[PDB]
2 protein chains.
Amino acid sequence: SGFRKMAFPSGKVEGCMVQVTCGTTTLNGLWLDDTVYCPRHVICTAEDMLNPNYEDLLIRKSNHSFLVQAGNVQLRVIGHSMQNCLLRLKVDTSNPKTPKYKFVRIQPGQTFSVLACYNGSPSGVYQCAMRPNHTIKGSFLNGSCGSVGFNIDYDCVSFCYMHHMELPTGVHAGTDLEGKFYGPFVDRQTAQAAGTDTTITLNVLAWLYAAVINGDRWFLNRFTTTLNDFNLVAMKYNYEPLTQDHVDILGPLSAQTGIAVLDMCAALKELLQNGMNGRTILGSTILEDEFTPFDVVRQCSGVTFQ
Amino acid sequence: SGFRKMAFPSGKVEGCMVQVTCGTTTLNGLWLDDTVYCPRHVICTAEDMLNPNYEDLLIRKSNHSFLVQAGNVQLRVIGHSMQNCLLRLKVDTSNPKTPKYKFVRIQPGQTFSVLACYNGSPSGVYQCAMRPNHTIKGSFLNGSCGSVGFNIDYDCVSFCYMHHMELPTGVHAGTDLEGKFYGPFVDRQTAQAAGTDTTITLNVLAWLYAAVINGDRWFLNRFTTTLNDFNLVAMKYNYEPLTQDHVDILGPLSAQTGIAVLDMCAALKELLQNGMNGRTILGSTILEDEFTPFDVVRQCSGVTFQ
Ligand SMILES: *[C@@H](CC(=O)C1CC1)[C@H](C[C@@H]1CCNC1=O)NC(=O)[C@H](CC(C)C)NC(=O)[C@@H](NC(=O)OCc1ccccc1)[C@@H](C)OC(C)(C)C
Ligand SMILES: *[C@@H](CC(=O)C1CC1)[C@H](C[C@@H]1CCNC1=O)NC(=O)[C@H](CC(C)C)NC(=O)[C@@H](NC(=O)OCc1ccccc1)[C@@H](C)OC(C)(C)C
């Protein structure tokens, strides 16, 4: 049946994207009810980006220093304030397309869909995992700030990321919708680097369960392992240590496939030690770590192909 | 800056998805203006699926044999007809969310976004390439028929695929929006198999150009090749032969990077013969073939990182 990195349908979010301009700096904003949220660096000219004092830069602006465009319609700002690294612009019109929503701060290892936008116009959508080192491997160019990440449950959009910057290694950093950065990053152009990353063990196990649900068992073996012995191997291959909470989370997948978690761990230990021997799992020649246990349950059949 | 398999924002398509029921069989349909399009097998009970005579099955139905639901609203069908493998149901209401659109028959090697749907409700979106053997590697479960594939240009949606079936290897087959299948497949449950597939050479070259635009040149070499000598290597590695039309298509990417197409082919020949030596290109340990030259231009910067 297939397994793909699948994003949530983006319609409910497309109707919330607008363009925000301050002076000659322009980026995207998120319009919910009567507020527009956007990265605070929209108040910077290129020369202010190295060491901006945002409090000092913002006090010098008025409501009319901001131009907000929703399609071809201008939205008048009637208030503004700074919340951590975002600006909250109160506008005169409430967005009629506002979906049911909430703001959530996602945890490392969790995934979400990103709606890449430029000039307030959505251009593409893809799924990202929040890496253990708090960056995402996205695809963003100049003008993409203010693009958001989100998950959808029933018809409720949980926004969890707003885009602010790229680091030297080509990876990306940003904030939750309260303006607090994920990671130790700051919205300034002083030198910064992503810390060392690690493979998301829980997700790799979830994806091996997805491969068994879809009919493949070639990588299993007759062995088992203790949590500790598995972690000695994880440390060597730069995998996050497995915890009892992770074993408990994998309970439903384990039940649907009849494979004990520690037995699946013994399969993973053997794949780490011996390689894949030129074989593939769910079409991949490497161990995938950007699918959570929830992503597997969302996408795979609830009936294993025995 | 990143490179991801990026789908088009799905909002314009979500507003067109509805549910279609005939008897106890239910699948998704596409509602544009006053017509609903859906796979014709919606008229089959499970026992009719092995060898249905659709003309005979359909003449036995009336307009009220069909129940069409758009959200919580029932749409009355006032006409119906069969067009190849689809049914066209005329309904009493014109879809107010109909986007500007056209129907296109995509060619092998080209890509599109799929909006997976169940019970008329969109559940996920991802990018697919039409394989040389006319199948796609999607992710579809029971109830997903009628889901569509599309590309968006400006604000025009070009629909190009409607989903009908899965083959033994886990891959998928369907039709264009005139109901004609891509490939030699038929919408019946008699044994069928996907023919042998091939790697899409043009796309692999495009993706190597994307890697150079994004700043990486490790895989280049000082050699060149003729089209013929390259094709002798392509035949051995089950790659499609490169043609002069393919070289011409790669002209803009070649100009943006200053790398002649046949010199990039010489780089590809060396990667095929020697492997990647434990290295990655755009994060991948294998040669990716699901990005077209158009997909690279759409997503990468128009300025190479020299
Ligand atoms: C969004 C901004 C906008 O859309 C409009 C201007 C307001 C972008 C997104 C980047 C662009 C390329 N890909 C992206 O994701 N934001 C920014 O330009 C950032 C602005 C700050 C004011 C927050 N800057 C970067 O993303 C910047 N990063 C950076 O300076 O990091 C710290 C640092 C590391 C090493 C050496 C010096 C500083 C990027 C542009 O610069 C490179 C050189 C690191 C890629
Ligand atoms: C959509 C149908 C609907 O959503 C509602 C019922 C009307 C599905 C989608 C499949 C389900 C699993 N993944 C998918 O993409 N369509 C169908 O069920 C197909 C119906 C025909 C009437 C067109 N059947 C298949 O997709 C069927 N394929 C098939 O029979 O192929 C030919 C064949 C090959 C080998 C041996 C015998 C026949 C699938 C269900 O069967 C398996 C066994 C090949 C997966």
Side-chain angles (χ1 to χ4, degrees), chain A residues 1-2 19-28 38-46 48-52 54 85 116-119 136 138-147 163-175 181 185-194 215 301 305, chain B residues 1-2 19-28 38-46 48-52 54 85 116-119 136 138-147 163-175 181 185-194 215 301 305:
Chain A
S1 239
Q19 185 184 72
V20 183
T21 301
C22 183
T24 185
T25 299
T26 293
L27 42 61
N28 305 278
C38 72
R40 66 185 178 168
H41 71 257
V42 68
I43 74 181
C44 300
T45 59
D48 296 312
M49 296 179 177
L50 172 60
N51 188 197
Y54 290 98
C85 300
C117 296
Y118 294 86
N119 301 304
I136 59 181
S139 177
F140 290 115
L141 303 175
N142 287 168
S144 64
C145 294
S147 291
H163 187 51
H164 297 236
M165 62 192 298
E166 187 167 286
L167 292 166
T169 49
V171 297
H172 298 108
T175 69
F181 262 86
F185 311 110
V186 292
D187 53 344
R188 270 170 191 65
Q189 298 194 150
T190 180
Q192 299 173 67
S301 172
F305 181 19
Chain B
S1 239
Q19 185 184 72
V20 183
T21 301
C22 183
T24 185
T25 299
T26 293
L27 42 61
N28 305 278
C38 72
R40 66 185 178 168
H41 71 257
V42 68
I43 74 181
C44 300
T45 59
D48 296 312
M49 296 179 177
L50 172 60
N51 188 197
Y54 290 98
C85 300
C117 296
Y118 294 86
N119 301 304
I136 59 181
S139 177
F140 290 115
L141 303 175
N142 287 168
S144 64
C145 294
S147 291
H163 187 51
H164 297 236
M165 62 192 298
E166 187 167 286
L167 292 166
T169 49
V171 297
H172 298 108
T175 69
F181 262 86
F185 311 110
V186 292
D187 53 344
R188 270 170 191 65
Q189 298 194 150
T190 180
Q192 299 173 67
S301 172
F305 181 19

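Ligands are counted one by one from 1 in listed order, and the atoms in each one are counted from 1 as well. What you see below is based on every heavy atom in this structure, not just the backbone, and it leaves out hydrogens, waters and symmetry mates. Naming: A, B, ... by sequence-line order, numbering from 1 per chain.
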Determine, counting only non-hydrogen atoms of the protein, whether one lies under 4.0 angstrom from atom 43 (C) of ligand 2. no

Smallest separation among heavy atoms of B/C44 and B/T25, with atom names: O-OG1, 2.6 Å

Between B/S144 and ligand 2, is there a nitrogen or oxygen pair with a distance under 3.5 Å? yes

Run the contact test for B/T25 against ligand 2 with a 4.0 Å cut-off on heavy atoms, strictly below, and give the result. yes

Please indicate whether any nitrogen or oxygen in B/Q192 is less than 3.5 Å from any nitrogen or oxygen in ligand 2. no

With heavy atoms only and a cut-off of under 4.0 Å, state how B/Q189 meets ligand 2: side chain, backbone, both or neither. both

Can you name the closest pair of heavy atoms from A/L27 and A/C145 and give their distance? CB-O, 3.6 Å

Closest to atom 37 (C) of ligand 2 among protein heavy atoms sits B/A191 CA, 3.8 Å

On a heavy-atom basis, the closest approach of A/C85 and A/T175 is CB-CG2, 4.1 Å

Nearest 0.5 Å, what's the CD-CG distance between A/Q189 and A/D48? 11.0 Å

Can you check whether A/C145 has an N/O within less than 3.5 Å of an N/O in ligand 1? yes

If you scan protein heavy atoms around atom 14 (C) of ligand 1, the nearest is A/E166 CB, 3.5 Å

Return a yes/no value for A/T190: is any of its N or O atoms, backbone included, closer than 3.5 angstrom to an N or O of ligand 1? no

Could you say whether the N/O atoms of A/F140 and ligand 1 ever approach to under 3.5 Å? yes

What one should report as the nearest heavy-atom pair of A/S144 and A/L141 is OG-O, 2.8 Å

Is B/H172 touching ligand 2 with its side chain, its backbone, both, or neither, if touching means heavy atoms under 4.0 Å apart? side chain

Polar contact flag for A/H163 and ligand 1 (N/O pairs, less than 3.5 Å): yes

Calculate, to the nearest 0.5 Å, the distance between atoms CG and OG belonging to B/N142 and A/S1 respectively. 8.0 Å

Answer whether the closest heavy-atom distance between the side chains of B/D187 and B/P39 falls below 4.5 Å. no

Need the ligand 1 atom indices (1-based, order shown) with element for anything under 4.0 Å from a heavy-atom of B/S1. 13 (N)

Run down the list B/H164, B/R188, B/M49, B/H41 and name the one with the heavy atom closest to atom 19 (C) of ligand 2. B/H164

Identify the heavy atoms of B/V42 and B/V20 that sit nearest to each other, and give their distance. CG2-O, 3.8 Å

About how many Å separate CD of A/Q192 and CE of A/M165, when rounded to the nearest 0.5 Å? 4.5 Å

Tell me the nearest of B/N142, B/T26, B/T21 to atom 5 (C) of ligand 2, using heavy-atom distances. B/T26

Under 4.0 angstrom from atom 32 (C) of ligand 1, is there any protein heavy atom? yes

With heavy atoms of A/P168 as the reference, note each atom of ligand 1 found under 4.0 Å away. 34 (C), 35 (C)

How far apart are the closest heavy atoms of A/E166 and A/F140, and which atoms are they? OE1-O, 3.5 Å

In this structure, is the centre-to-centre distance between the rings of A/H164 and A/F185 below 6.0 Å? no

Looking only at N/O atoms, are B/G143 and ligand 2 under 3.5 Å apart anywhere? yes

Give the atoms of ligand 1, by number and element, whose distance to some non-hydrogen atom of A/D187 is under 4.0 Å. 23 (C)

Starting from the C-alpha separation in whole Å, work towards a yes-or-no answer on side chain to side chain contact (heavy atoms under 4.5 Å, CB included) for A/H163 and A/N28. CA-CA 9 Å; A/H163 187 51; A/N28 305 278; over 6 Å; no

Is any heavy atom of the protein nearer than 4.0 Å to atom 7 (C) of ligand 2? yes

